[PDB]
């Protein structure tokens, strides 16, 4: 099965499909162990986590591809990738982004209508460029739109429907904060709709049962694990500096035995003995 096929199979069998952000290869394997069928490479995560930069379009295609290759070399879960507006203003840049994502093992990408937004025609054209570039048609192109906050609900639908006619497989509407609005949007666009349930934003923490009731097909948790990981790391750094030892934070740590199980350390001995 190709990555795109695994992504489409996951959307078809989980309602809605939980897609969890994985900041690195290690966390991709934790997400797999936890039972998730699909994982996410957050652009904000590549910026804030891998580069220690804010999410202001400083991160480019090479930075993201490094994290895509690391993740997909060890974890076979389908990876949805944030590619912002396509890493360059030209149809040729969007095309290079698509071909690179497919070669480095991504399952899907979302591309957004950020330049305020571009015209329905100009968003339609980024999608057409992406669909044309695609060498494996199972690879999923998800249109991300911030049209609800700028033009109103019907404009959001119109634009999403134009992206679908352009060959977008799924829709990611931004800044949508009522279940009743998701249900109307989902009926009007037809294709799978993703609900972005991040923390500390305008959206309520909608449950999978609530989103299922509103006919939402995907639920994304873009940075959740990253946020808990940073609080836990800061706690260790504070304690080592304050106490001159890690004695008082040992109880917060993954054990060496747990780490050896999560990266399948003993499968490597078991491979040596099978071959030789």
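Positions refer to the first chain, counted from 1.
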Checklist line | Between residue 202 and residue 203 - deposited residues without coordinates, as a size class | finding: none
Checklist line | Stretch with the higher entry mean CA B-factor, where the candidates are 164-172 and 146-154 | finding: 146-154
Next item on the list: Look up the CA B-factors in the entry and say which stretch, 30-38 or 211-219, has the higher mean.
Entry: 211-219
Next item on the list: Report the option among 96, 103, 190, 110 whose CA atom has the maximum B-factor in the deposited record.
Entry: 190
Note to self: Considering every modelled residue of the chain and its Cα B-factor in the PDB entry, is residue 90 in the lowest, middle or highest third?
What the structure shows: highest
Notebook entry, point to check: Ranked by Cα temperature factor within the chain, is residue 57 in the lowest third, the middle third or the highest third?
Noted result: highest
Next item on the list: Name the third of the chain's ranked CA B-factors that contains residue 197, choosing lowest, middle or highest.
Entry: middle
Next item on the list: Looking at the entry's B-factor column for C-alpha atoms only, identify whether residue 141 ranks in the lowest, middle or highest third of its chain.
Entry: middle
Checklist line | Ranked against its chain, the third holding the CA B-factor of residue 267 | finding: highest
